[PDB]
Amino acid sequence: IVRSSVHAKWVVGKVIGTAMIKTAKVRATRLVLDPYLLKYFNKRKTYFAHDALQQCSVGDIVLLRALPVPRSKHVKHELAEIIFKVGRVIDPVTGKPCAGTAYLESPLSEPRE
Amino acid sequence: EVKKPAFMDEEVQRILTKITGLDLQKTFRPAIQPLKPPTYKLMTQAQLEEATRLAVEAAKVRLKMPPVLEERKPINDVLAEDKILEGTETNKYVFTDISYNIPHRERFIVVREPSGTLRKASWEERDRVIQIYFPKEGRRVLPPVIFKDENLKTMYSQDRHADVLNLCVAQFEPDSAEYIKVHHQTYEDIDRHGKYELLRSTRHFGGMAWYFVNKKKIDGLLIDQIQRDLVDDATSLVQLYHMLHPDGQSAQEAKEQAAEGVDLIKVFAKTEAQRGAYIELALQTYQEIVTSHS
Amino acid sequence: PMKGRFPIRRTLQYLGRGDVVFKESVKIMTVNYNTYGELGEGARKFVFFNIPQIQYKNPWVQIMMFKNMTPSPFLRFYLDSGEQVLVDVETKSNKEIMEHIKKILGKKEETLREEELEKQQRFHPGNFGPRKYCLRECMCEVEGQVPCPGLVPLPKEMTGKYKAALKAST
Amino acid sequence: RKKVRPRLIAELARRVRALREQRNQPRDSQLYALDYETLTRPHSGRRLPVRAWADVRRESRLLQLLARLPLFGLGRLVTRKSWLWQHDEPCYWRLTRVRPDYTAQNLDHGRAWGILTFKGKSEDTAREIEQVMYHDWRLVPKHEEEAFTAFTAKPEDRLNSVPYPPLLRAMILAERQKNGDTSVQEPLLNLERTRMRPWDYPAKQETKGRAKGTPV
Amino acid sequence: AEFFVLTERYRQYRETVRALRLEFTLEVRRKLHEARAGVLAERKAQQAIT
Amino acid sequence: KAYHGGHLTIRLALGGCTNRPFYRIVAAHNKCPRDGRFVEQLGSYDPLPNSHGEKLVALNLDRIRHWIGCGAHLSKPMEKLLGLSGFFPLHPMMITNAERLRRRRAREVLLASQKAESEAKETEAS
RNA sequence: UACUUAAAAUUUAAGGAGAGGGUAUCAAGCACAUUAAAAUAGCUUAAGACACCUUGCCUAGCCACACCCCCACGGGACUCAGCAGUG
Ligand code: FES
Ligand SMILES: [K+]
Ligand SMILES: [Mg+2]
Ligand SMILES: [Mg+2]
Ligand SMILES: [Mg+2]
Ligand SMILES: [Mg+2]
Ligand SMILES: [Mg+2]
Ligand SMILES: [Mg+2]
């Protein structure tokens with residue numbers, strides 16, 4: 001069960017496109033140090049990921065797992081997880097639906113619905 | 001047999017540290033070196049006292065005494081005598097093991113002589129080659145010329161004894177004959193001219209007092225400690241003398257009379273002092289000044 | 001005057017002051033913080049002051065930050081095993097956040113010292129070579145050894161020009 | 001990148017060249033032919049070393065001996081003049097397979113296989129024989145086989161263990177004392193595991209190279 | 001006389017050097033195994049997980 | 001360069017200036033240049049006597065043992081150096097050459113005695 | 001080089017955290033994508049694609065070249081960019 005050669009064994013990014021069949025185009029960003037300014041800026045990379053169930057929508061944050069063998073020239077990752085769904089975020093700390101910096105369902109309540 | 005006290009014995013280190021003393025201004029005297037602009041901090045009386053405490057902690061590490069060891073024994077061991085190689089070489093070969101993680105006193109440094117004998121490198125040969133391959137800041141491959149008696153006497157005239165000793169520690173090994181020679185020459189010069197103050201608040205004071213105690217010539221250091229109002233130090237010196245010479249007449253006299261404090265110094269004067277008459281006179285004069293003024 | 005606010009953040013000394021060196025397991029650190037609020041002030045200060053120091057010591061870790069997506073700020077680390085470590089940094093100072101992450105996912109001082117010594121194993125003081133790699137280029141530099149002919153002329157008898165002349169004379 | 005482009009001519013050349021080599025492979029009768037007047041190989045022009053001149057005129061090749069025998073001398077014993085002169089103990093090959101060079105007009109070039117018995121010690125398996133094209137081979141007569149192959153092994157007298165070198169011995173004894181091992185045993189090297197064959201021992205013909213087929 | 005004496009020196013010298021090359025070859029593999037799967041190696045691996 | 005074939009070797013790399021030789025003991029692929037790319041430096045050899053009349057050899061005996069254990073060959077000058085140190089047995093040709101030098105000086109001593117005897121005959125003639 | 005199986009040196013192939021010359025009057029490239037019933041219409045690009053121009057760089061050294069046609073079956077204008085030397 002050897003792992004991939006690619007450095008990006010785990011990458012987080014935003015789904016910037018989903019027009020290919022069973023594949024989601026994801027934009028990841030990393031921080032790179034400008035040597036002259038000594039300030040960090042964002043370098044963005046595109047990763048094709050295998051979305052077997054076509055469960056991805058543009059704008060949602062996702063976690064990708066490097067495939068052991070590249071599926072194609074560009075598809076070398078799969079959709080491990082959807083960290084945040086676009087417009088359907090669930091607060092990790094409390095577990096309640098949220099809509100921005102607000103709770104759609106109060107954490108005091110226990111709807112269990 | 002009651003063990004002879006050692007230099008590193010926790011009791012000896014306590015007494016030697018006390019008589020040495022501490023002086024943050026002398027211990028941290030400004031170095032004549034490339035300088036940088038000073039920094040400044042606003043501190044309360046508590047913060048300042050904390051900073052002074054750290055300075056005293058650092059002054060303790062700075063005053064750590066250098067080892068006092070006995071003279072090493074010449075290395076004279078022949079590993080082999082391959083006579084087939086006799087006359088085939090004109091110069092000696094010196095082979096040094098330069099594996100990084102070996103202590104320098106556990107490295108194999110051998111010499112193949114022209115006669116064919118394979119022998120271990122002598123102590124002088126070991127120190128030279130270890131400097132050539134593991135160079136130590138402060139040490140030079142060849143013995144410097146400042147350690148010649150004429151050159152050393154010049155340093156003594158300038159009252160640079162702490163420098164002669166700091167150089168002797170950078171260049172020579174503690175167990176070498178050259179190390180012992182220079183130290184015993186500096187300590188002897190301090191004695192004759194009563195320059196004991198030069199090595200106070202320095203790491204070299206302990207070895208000097210150690211040398212005097214073993215050589216039974218603490219008279220000068222006691223006379224000088226008393227005249228400087230350091231009579232607690234003089235008493236501690238007489239305790240160290242009664243510790244390294246337990247069977248001495250002075251040590252047995254103090255047990256008989258259970259002497260303590262100033263009594264210990266008076267006992268030493270009568271029994272084993274080379275110049276007892278003066279120790280009492282200086283001790284008496286100190287008592288008169290203390291009693292008369294206070 | 002250096003541009004921006006707190007230009008000290010753009011100096012190598014400040015970037016090197018960071019003490020959080022993550023374990024090899026750490027692969028991603030997402031930072032979820034809010035730009036407005038009162039309980040998220042430490043999170044905002046952590047992004048402003050500390051994220052540069054963390055990235056500087058952990059260049060291979062992906063730090064991705066999301067703004068105003070949740071009611072409260074939190075940190076989520078993604079490890080190589082597949083584990084996800086959630087940290088809640090609400091009502092927590094930026095200094096508190098750094099100490100927390102250092103404890104749970106930061107290498108200890110002992111481990112870092114061992115790595116430094118291992119890195120320098122192949123440098124030997126006795127080794128001779130260029131200044132970039134070695135202290136001394138040639139044995140002529142060592143005291144007592146034969147000096148370089150360029151600086152000091154060699155004795156005639158030690159020269160091939162002289163030795164060749166004698167062989168012809170023989 | 002993407003401006004790196006294919007090299008078809010290089011691909012075509014490599015394959016074509018390799019194909020020609022297989023088609024025009026030379027034979028042993030050509031590679032190992034000799035002109036005895038000059039002692040130089042016509043295929044390559046290589047002049048034999050001087051120490052081989054006497055034997056090239058005075059000794060026979062292996063398949064010159066075997067071409068005169070029924071079944072190309074399968075089962076016969078063959079020795080080399082070089083071995084006879086160097087080693088008192090019997091050295092010979094027991095022939096098992098023999099592939100003559102049919103192209104040769106006298107069937108005097110080819111390959112052979114057999115079981116080696118060097119200095120009285122016999123190998124357990126058959127392998128190809130090296131130096132078959134040398135002028136050094138002597139067929140053993142059938143009536144003399146029993147006397148030739150008679151060998152009685154002597155007790156081995158070459159030392160099995162030797163001292164360590166002077167410096168390496170002191171480093172071993174020093175480590176013993178450091179680790180607390182107190183002993184006066186002398187470090188000894190064991191030579192049994194690493195004993196060398198004689199320099200003239202037959203080598204592996206299967207892994208040996210063959211000369212190319214381009215004439216000089 | 002000298003050719004034979006020299007031929008024997010080469011055989012005996014090369015046997016001694018082969019024994020030493022083997023001794024060195026074993027220390028390399030022993031040291032490698034201790035680092036890879038020594039006592040200390042195993043403890044640190046579990047200590048980290050705990 | 002991109003070498004194909006060859007083995008690691010322990011050899012002496014020549015440094016210094018004209019009439020001032022100095023050697024670096026190094027482990028290197030055999031096809032590399034004498035003073036070029038190496039794998040590790042295993043010591044140094046200064047063949048010129050120093051102020052004390054000592055030729056100085058430095059050997060990293062821990063790394064040397066490591067590379068001999070991994071197949072590193074030895075050059076003949078380095079085999080001679082290890083023999084003088086005592087780490088290896090004396091090389092066969094070191095012993096043979098020492099014997100040749102002994103036989104060559106014996107002839108010279110005998111010839112000088114013969115010349116002195118011939119000179120003695122001249123003394124007898126007067 | 002050891003074992004008849006394991007330690008190296010040295011390469012090769014496929015890759016990618018990041019870094020990597022100039023011109024934007026080079027602003028579009030034109031198959032450059034995914035799926036795997038063989039359909040879908042996608043892929044790169046002002047965060048600089050594509051095009052063109054220039055340059056050995058990564059410096060214990062590395063890379064490329066070896067008369068010319070990127071290559072070298074073949075062909076041609078048919079060999080010192082090894083040392084010395086010549087026009
Ligand atoms: S640089 Fe060392 S001899 Fe010249
Ligand atoms: K070309
Ligand atoms: Mg041969
Ligand atoms: Mg224009
Ligand atoms: Mg040309
Ligand atoms: Mg070409
Ligand atoms: Mg030229
Ligand atoms: Mg040429």
# chains A, B, ... in the order shown; residues from 1 in each chain; ligands from 1

$ residues_around --residues "residue 16 in chain E" --least-positions-apart "3" --cutoff "8 Å" --atoms "only C-alpha atoms (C1' of nucleotides)" --output "PyMOL selection string"
(chain D and resi 162+189+191) or (chain E and resi 12-13+19-20) or (chain F and resi 89)

$ interface_residues --of "chain D" --to "chain E" --cutoff "10 Å" --atoms "only C-alpha atoms" --output "number ranges by chain"
D: 158-159, 161-165, 168, 189-199

$ write_last_selection --atoms "C-alpha atoms" --output "compact mmCIF listing (two decimals), in the first residue's frame"
# COMPACT_ATOMS: atom_id res chain seq x y z
CA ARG D 158 48.10 -23.16 5.33
CA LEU D 159 47.29 -21.28 8.52
CA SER D 161 44.04 -17.80 11.62
CA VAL D 162 46.64 -15.04 11.80
CA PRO D 163 47.35 -12.08 14.08
CA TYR D 164 45.83 -8.66 13.55
CA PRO D 165 47.98 -5.84 12.17
CA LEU D 168 44.46 -2.71 14.57
CA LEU D 189 41.80 -13.10 12.11
CA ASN D 190 39.97 -16.04 10.57
CA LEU D 191 41.18 -16.81 7.04
CA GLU D 192 38.94 -19.81 6.33
CA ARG D 193 35.96 -17.79 5.07
CA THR D 194 38.12 -15.81 2.61
CA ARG D 195 40.54 -18.18 0.88
CA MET D 196 41.61 -17.27 -2.65
CA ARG D 197 41.64 -19.58 -5.64
CA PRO D 198 44.89 -19.82 -7.61
CA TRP D 199 45.29 -17.13 -10.24

$ closest_residue --among "D:186, D:144, D:175, D:88" --to "chain B" --atoms "only C-alpha atoms"
D:175

$ residues_around --residues "range 55-68 of chain D" --least-positions-apart "6" --cutoff "6 Å" --atoms "only C-alpha atoms (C1' of nucleotides)" --output "ChimeraX atom specification"
/D:108-109,132-137

$ atom_distance --atom1 "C1' of residue 12 in chain G" --atom2 "CA of residue 36 in chain E"
28.4 Å

$ residues_near_ligand --ligand "ligand 6" --cutoff "10 Å" --atoms "only C-alpha atoms (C1' of nucleotides) and all ligand atoms" --output "list in words"
residues 65, 66, 67, 68, 69, 70, 71 and 72 of chain G

$ residues_near_ligand --ligand "ligand 4" --cutoff "12 Å" --atoms "only C-alpha atoms (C1' of nucleotides) and all ligand atoms" --output "MDAnalysis selection string"
chainID G and resid 23:26

$ residues_near_ligand --ligand "ligand 7" --cutoff "12 Å" --atoms "only C-alpha atoms (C1' of nucleotides) and all ligand atoms" --output "list in words"
residues 80, 81, 82, 83, 84, 85 and 86 of chain G

$ write_last_selection --atoms "C-alpha atoms (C1' of nucleotides)" --output "PDB file, in the first residue's frame"
ATOM      1  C1'   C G  80      43.418  19.160 -33.804  1.00  0.00           C
ATOM      2  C1'   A G  81      36.625  22.557 -29.518  1.00  0.00           C
ATOM      3  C1'   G G  82      43.765  16.313 -27.120  1.00  0.00           C
ATOM      4  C1'   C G  83      49.290  18.515 -26.761  1.00  0.00           C
ATOM      5  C1'   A G  84      52.517  21.420 -29.657  1.00  0.00           C
ATOM      6  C1'   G G  85      52.217  24.112 -34.192  1.00  0.00           C
ATOM      7  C1'   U G  86      50.361  26.712 -38.838  1.00  0.00           C
TER       8        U G  86
END

$ residues_around --residues "range 70-80 of chain F" --least-positions-apart "5" --cutoff "6 Å" --atoms "only C-alpha atoms (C1' of nucleotides)" --output "list in words"
residues 8, 9, 10 and 11 of chain F; 1, 7 and 8 of chain G

$ residues_near_ligand --ligand "ligand 3" --cutoff "10 Å" --atoms "only C-alpha atoms (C1' of nucleotides) and all ligand atoms" --output "PDB file with N, CA, C and O atoms, in the first residue's frame"
ATOM      1  N   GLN D 131      38.906 -20.617 -22.709  1.00  0.00           N
ATOM      2  CA  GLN D 131      40.193 -20.718 -23.390  1.00  0.00           C
ATOM      3  C   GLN D 131      40.256 -21.971 -24.256  1.00  0.00           C
ATOM      4  O   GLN D 131      41.262 -22.680 -24.293  1.00  0.00           O
ATOM      5  N   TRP D 199      45.553 -18.122  -9.208  1.00  0.00           N
ATOM      6  CA  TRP D 199      45.293 -17.128 -10.245  1.00  0.00           C
ATOM      7  C   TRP D 199      44.926 -17.784 -11.568  1.00  0.00           C
ATOM      8  O   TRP D 199      44.197 -17.189 -12.369  1.00  0.00           O
ATOM      9  N   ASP D 200      45.415 -18.996 -11.816  1.00  0.00           N
ATOM     10  CA  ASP D 200      45.164 -19.692 -13.069  1.00  0.00           C
ATOM     11  C   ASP D 200      43.921 -20.570 -13.015  1.00  0.00           C
ATOM     12  O   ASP D 200      43.669 -21.321 -13.962  1.00  0.00           O
ATOM     13  N   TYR D 201      43.147 -20.496 -11.938  1.00  0.00           N
ATOM     14  CA  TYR D 201      41.933 -21.288 -11.846  1.00  0.00           C
ATOM     15  C   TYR D 201      41.009 -20.945 -13.013  1.00  0.00           C
ATOM     16  O   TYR D 201      40.859 -19.767 -13.356  1.00  0.00           O
ATOM     17  N   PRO D 202      40.381 -21.933 -13.648  1.00  0.00           N
ATOM     18  CA  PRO D 202      39.448 -21.627 -14.736  1.00  0.00           C
ATOM     19  C   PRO D 202      38.366 -20.647 -14.302  1.00  0.00           C
ATOM     20  O   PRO D 202      37.822 -20.737 -13.201  1.00  0.00           O
ATOM     21  N   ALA D 203      38.065 -19.702 -15.185  1.00  0.00           N
ATOM     22  CA  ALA D 203      37.059 -18.680 -14.944  1.00  0.00           C
ATOM     23  C   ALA D 203      35.758 -19.047 -15.648  1.00  0.00           C
ATOM     24  O   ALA D 203      35.682 -20.008 -16.415  1.00  0.00           O
TER      25      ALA D 203
END

$ residues_around --residues "range 61-70 of chain C" --least-positions-apart "2" --cutoff "6 Å" --atoms "only C-alpha atoms (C1' of nucleotides)" --output "ChimeraX atom specification"
/A:30,100-101 /C:27-34,58-59,72

$ write_last_selection --atoms "N, CA, C and O atoms" --output "mmCIF file, in the first residue's frame"
data_model
loop_
_atom_site.group_PDB
_atom_site.id
_atom_site.type_symbol
_atom_site.label_atom_id
_atom_site.label_comp_id
_atom_site.auth_asym_id
_atom_site.auth_seq_id
_atom_site.Cartn_x
_atom_site.Cartn_y
_atom_site.Cartn_z
ATOM 1 N N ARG A 30 -0.610 28.232 -1.082
ATOM 2 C CA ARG A 30 0.427 28.104 -0.077
ATOM 3 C C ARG A 30 1.071 29.468 0.116
ATOM 4 O O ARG A 30 0.969 30.350 -0.739
ATOM 5 N N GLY A 100 -22.293 32.206 7.922
ATOM 6 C CA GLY A 100 -21.351 33.260 8.227
ATOM 7 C C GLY A 100 -20.990 33.230 9.702
ATOM 8 O O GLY A 100 -20.920 32.173 10.327
ATOM 9 N N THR A 101 -20.760 34.414 10.261
ATOM 10 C CA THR A 101 -20.409 34.516 11.671
ATOM 11 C C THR A 101 -21.660 34.506 12.540
ATOM 12 O O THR A 101 -21.803 35.340 13.438
ATOM 13 N N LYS C 27 0.992 18.255 8.296
ATOM 14 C CA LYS C 27 1.035 18.518 6.864
ATOM 15 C C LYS C 27 0.296 19.785 6.466
ATOM 16 O O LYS C 27 0.769 20.520 5.598
ATOM 17 N N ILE C 28 -0.858 20.058 7.073
ATOM 18 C CA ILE C 28 -1.653 21.245 6.779
ATOM 19 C C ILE C 28 -2.112 21.864 8.090
ATOM 20 O O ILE C 28 -2.389 21.149 9.059
ATOM 21 N N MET C 29 -2.188 23.193 8.120
ATOM 22 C CA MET C 29 -2.758 23.936 9.244
ATOM 23 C C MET C 29 -3.708 24.985 8.676
ATOM 24 O O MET C 29 -3.263 26.018 8.169
ATOM 25 N N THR C 30 -5.009 24.723 8.753
ATOM 26 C CA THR C 30 -6.009 25.699 8.346
ATOM 27 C C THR C 30 -6.319 26.629 9.512
ATOM 28 O O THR C 30 -6.428 26.190 10.659
ATOM 29 N N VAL C 31 -6.438 27.920 9.215
ATOM 30 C CA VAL C 31 -6.740 28.940 10.213
ATOM 31 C C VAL C 31 -8.081 29.561 9.850
ATOM 32 O O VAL C 31 -8.202 30.233 8.817
ATOM 33 N N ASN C 32 -9.087 29.342 10.692
ATOM 34 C CA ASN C 32 -10.399 29.959 10.535
ATOM 35 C C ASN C 32 -10.526 31.060 11.579
ATOM 36 O O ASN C 32 -10.517 30.787 12.782
ATOM 37 N N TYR C 33 -10.621 32.305 11.121
ATOM 38 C CA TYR C 33 -10.707 33.450 12.012
ATOM 39 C C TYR C 33 -11.711 34.444 11.449
ATOM 40 O O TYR C 33 -12.028 34.432 10.259
ATOM 41 N N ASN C 34 -12.216 35.305 12.327
ATOM 42 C CA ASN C 34 -13.188 36.329 11.971
ATOM 43 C C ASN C 34 -12.523 37.694 12.028
ATOM 44 O O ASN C 34 -11.734 37.967 12.938
ATOM 45 N N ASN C 58 8.510 26.044 9.198
ATOM 46 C CA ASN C 58 7.833 24.869 8.652
ATOM 47 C C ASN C 58 7.474 25.135 7.197
ATOM 48 O O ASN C 58 6.297 25.197 6.831
ATOM 49 N N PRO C 59 8.476 25.301 6.333
ATOM 50 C CA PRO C 59 8.190 25.691 4.945
ATOM 51 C C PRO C 59 7.329 24.699 4.186
ATOM 52 O O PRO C 59 6.629 25.102 3.249
ATOM 53 N N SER C 72 -16.984 31.220 15.339
ATOM 54 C CA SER C 72 -15.836 31.292 16.230
ATOM 55 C C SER C 72 -14.558 30.900 15.503
ATOM 56 O O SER C 72 -14.598 30.125 14.542
#

$ residues_near_ligand --ligand "ligand 1" --cutoff "9 Å" --atoms "only C-alpha atoms (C1' of nucleotides) and all ligand atoms" --output "number ranges by chain"
C: 137-141, 146-151; F: 15-22

$ interface_residues --of "chain B" --to "chain D" --cutoff "8 Å" --atoms "only C-alpha atoms" --output "PyMOL selection string"
chain B and resi 79-80+108

$ write_last_selection --atoms "C-alpha atoms" --output "tab-separated table (two decimals), in the first residue's frame"
chain	number	residue	atom	x	y	z
B	79	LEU	CA	53.62	-1.50	19.24
B	80	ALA	CA	55.94	-3.25	16.77
B	108	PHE	CA	45.64	6.51	18.59

$ residues_around --residues "range 108-112 of chain A" --least-positions-apart "6" --cutoff "12 Å" --atoms "only C-alpha atoms (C1' of nucleotides)" --output "ChimeraX atom specification"
/A:94-97

$ write_last_selection --atoms "N, CA, C and O atoms" --output "mmCIF file, in the first residue's frame"
data_model
loop_
_atom_site.group_PDB
_atom_site.id
_atom_site.type_symbol
_atom_site.label_atom_id
_atom_site.label_comp_id
_atom_site.auth_asym_id
_atom_site.auth_seq_id
_atom_site.Cartn_x
_atom_site.Cartn_y
_atom_site.Cartn_z
ATOM 1 N N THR A 94 -18.878 23.669 17.654
ATOM 2 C CA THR A 94 -20.155 23.385 18.296
ATOM 3 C C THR A 94 -20.977 22.338 17.560
ATOM 4 O O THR A 94 -21.769 21.633 18.193
ATOM 5 N N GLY A 95 -20.818 22.223 16.246
ATOM 6 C CA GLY A 95 -21.565 21.255 15.475
ATOM 7 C C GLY A 95 -22.888 21.753 14.945
ATOM 8 O O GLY A 95 -23.645 20.958 14.379
ATOM 9 N N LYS A 96 -23.189 23.040 15.107
ATOM 10 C CA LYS A 96 -24.470 23.580 14.694
ATOM 11 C C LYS A 96 -24.351 24.263 13.338
ATOM 12 O O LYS A 96 -23.310 24.843 13.020
ATOM 13 N N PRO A 97 -25.392 24.209 12.508
ATOM 14 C CA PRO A 97 -25.357 24.951 11.245
ATOM 15 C C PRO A 97 -25.082 26.429 11.481
ATOM 16 O O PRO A 97 -25.540 27.017 12.462
#

$ interface_residues --of "chain G" --to "chain F" --cutoff "9 Å" --atoms "only C-alpha atoms (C1' of nucleotides)" --output "ChimeraX atom specification"
/G:1-2,7-11,60-63

$ write_last_selection --atoms "N, CA and C atoms (P, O5', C5', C4', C3', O3' and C1' of nucleotides)" --output "PDB file, in the first residue's frame"
ATOM      1  P     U G   1      35.789  -6.347  -6.644  1.00  0.00           P
ATOM      2  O5'   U G   1      35.328  -6.551  -5.136  1.00  0.00           O
ATOM      3  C5'   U G   1      35.875  -5.752  -4.101  1.00  0.00           C
ATOM      4  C4'   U G   1      35.001  -5.766  -2.876  1.00  0.00           C
ATOM      5  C3'   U G   1      34.589  -7.138  -2.379  1.00  0.00           C
ATOM      6  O3'   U G   1      35.600  -7.766  -1.614  1.00  0.00           O
ATOM      7  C1'   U G   1      32.697  -5.727  -2.444  1.00  0.00           C
ATOM      8  P     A G   2      35.457  -9.310  -1.204  1.00  0.00           P
ATOM      9  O5'   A G   2      34.577  -9.263   0.121  1.00  0.00           O
ATOM     10  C5'   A G   2      33.826 -10.391   0.537  1.00  0.00           C
ATOM     11  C4'   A G   2      32.519  -9.985   1.164  1.00  0.00           C
ATOM     12  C3'   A G   2      31.512 -11.107   1.360  1.00  0.00           C
ATOM     13  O3'   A G   2      31.755 -11.860   2.534  1.00  0.00           O
ATOM     14  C1'   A G   2      30.442  -9.266   0.337  1.00  0.00           C
ATOM     15  P     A G   7      21.844  -5.260   4.644  1.00  0.00           P
ATOM     16  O5'   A G   7      22.788  -3.979   4.682  1.00  0.00           O
ATOM     17  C5'   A G   7      22.852  -3.089   3.578  1.00  0.00           C
ATOM     18  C4'   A G   7      24.260  -2.615   3.322  1.00  0.00           C
ATOM     19  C3'   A G   7      24.391  -1.337   2.514  1.00  0.00           C
ATOM     20  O3'   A G   7      24.181  -0.170   3.287  1.00  0.00           O
ATOM     21  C1'   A G   7      25.889  -2.952   1.668  1.00  0.00           C
ATOM     22  P     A G   8      24.035   1.252   2.560  1.00  0.00           P
ATOM     23  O5'   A G   8      25.457   1.462   1.881  1.00  0.00           O
ATOM     24  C5'   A G   8      25.627   2.375   0.811  1.00  0.00           C
ATOM     25  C4'   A G   8      26.962   2.182   0.143  1.00  0.00           C
ATOM     26  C3'   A G   8      27.191   2.993  -1.119  1.00  0.00           C
ATOM     27  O3'   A G   8      27.586   4.326  -0.845  1.00  0.00           O
ATOM     28  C1'   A G   8      27.800   0.752  -1.514  1.00  0.00           C
ATOM     29  P     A G   9      26.787   5.563  -1.485  1.00  0.00           P
ATOM     30  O5'   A G   9      27.624   5.918  -2.788  1.00  0.00           O
ATOM     31  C5'   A G   9      29.031   6.083  -2.722  1.00  0.00           C
ATOM     32  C4'   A G   9      29.703   5.590  -3.975  1.00  0.00           C
ATOM     33  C3'   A G   9      29.193   6.181  -5.277  1.00  0.00           C
ATOM     34  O3'   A G   9      29.706   7.472  -5.546  1.00  0.00           O
ATOM     35  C1'   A G   9      29.358   3.845  -5.501  1.00  0.00           C
ATOM     36  P     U G  10      28.760   8.580  -6.218  1.00  0.00           P
ATOM     37  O5'   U G  10      28.405   7.962  -7.640  1.00  0.00           O
ATOM     38  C5'   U G  10      29.434   7.625  -8.555  1.00  0.00           C
ATOM     39  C4'   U G  10      28.893   6.897  -9.756  1.00  0.00           C
ATOM     40  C3'   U G  10      27.747   7.576 -10.481  1.00  0.00           C
ATOM     41  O3'   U G  10      28.177   8.621 -11.333  1.00  0.00           O
ATOM     42  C1'   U G  10      27.234   5.295 -10.175  1.00  0.00           C
ATOM     43  P     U G  11      27.129   9.715 -11.857  1.00  0.00           P
ATOM     44  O5'   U G  11      26.477   9.018 -13.130  1.00  0.00           O
ATOM     45  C5'   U G  11      25.115   9.219 -13.466  1.00  0.00           C
ATOM     46  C4'   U G  11      24.520   7.974 -14.067  1.00  0.00           C
ATOM     47  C3'   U G  11      23.109   8.106 -14.613  1.00  0.00           C
ATOM     48  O3'   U G  11      23.087   8.663 -15.915  1.00  0.00           O
ATOM     49  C1'   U G  11      23.266   6.156 -13.280  1.00  0.00           C
ATOM     50  P     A G  60      31.344  23.851  -5.475  1.00  0.00           P
ATOM     51  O5'   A G  60      32.716  23.061  -5.632  1.00  0.00           O
ATOM     52  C5'   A G  60      33.969  23.731  -5.560  1.00  0.00           C
ATOM     53  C4'   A G  60      35.102  22.748  -5.398  1.00  0.00           C
ATOM     54  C3'   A G  60      35.008  21.516  -6.292  1.00  0.00           C
ATOM     55  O3'   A G  60      36.312  21.090  -6.686  1.00  0.00           O
ATOM     56  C1'   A G  60      34.984  20.845  -4.028  1.00  0.00           C
ATOM     57  P     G G  61      36.553  20.522  -8.168  1.00  0.00           P
ATOM     58  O5'   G G  61      35.548  19.290  -8.262  1.00  0.00           O
ATOM     59  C5'   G G  61      34.738  19.082  -9.409  1.00  0.00           C
ATOM     60  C4'   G G  61      33.276  19.239  -9.079  1.00  0.00           C
ATOM     61  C3'   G G  61      32.304  19.049 -10.236  1.00  0.00           C
ATOM     62  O3'   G G  61      31.996  17.688 -10.478  1.00  0.00           O
ATOM     63  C1'   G G  61      31.788  21.054  -9.107  1.00  0.00           C
ATOM     64  P     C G  62      31.701  17.166 -11.968  1.00  0.00           P
ATOM     65  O5'   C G  62      30.255  17.741 -12.304  1.00  0.00           O
ATOM     66  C5'   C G  62      29.132  17.418 -11.500  1.00  0.00           C
ATOM     67  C4'   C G  62      27.943  18.272 -11.857  1.00  0.00           C
ATOM     68  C3'   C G  62      27.459  18.167 -13.295  1.00  0.00           C
ATOM     69  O3'   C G  62      26.612  17.053 -13.510  1.00  0.00           O
ATOM     70  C1'   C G  62      27.663  20.441 -12.704  1.00  0.00           C
ATOM     71  P     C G  63      26.711  16.208 -14.871  1.00  0.00           P
ATOM     72  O5'   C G  63      25.978  17.120 -15.948  1.00  0.00           O
ATOM     73  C5'   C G  63      24.621  17.498 -15.785  1.00  0.00           C
ATOM     74  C4'   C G  63      24.241  18.602 -16.736  1.00  0.00           C
ATOM     75  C3'   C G  63      24.503  18.334 -18.210  1.00  0.00           C
ATOM     76  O3'   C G  63      23.482  17.560 -18.815  1.00  0.00           O
ATOM     77  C1'   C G  63      25.311  20.482 -17.643  1.00  0.00           C
TER      78        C G  63
END

$ interface_residues --of "chain G" --to "chain A" --cutoff "8 Å" --atoms "only C-alpha atoms (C1' of nucleotides)" --output "ChimeraX atom specification"
/G:15-18,34-35,40,42,47
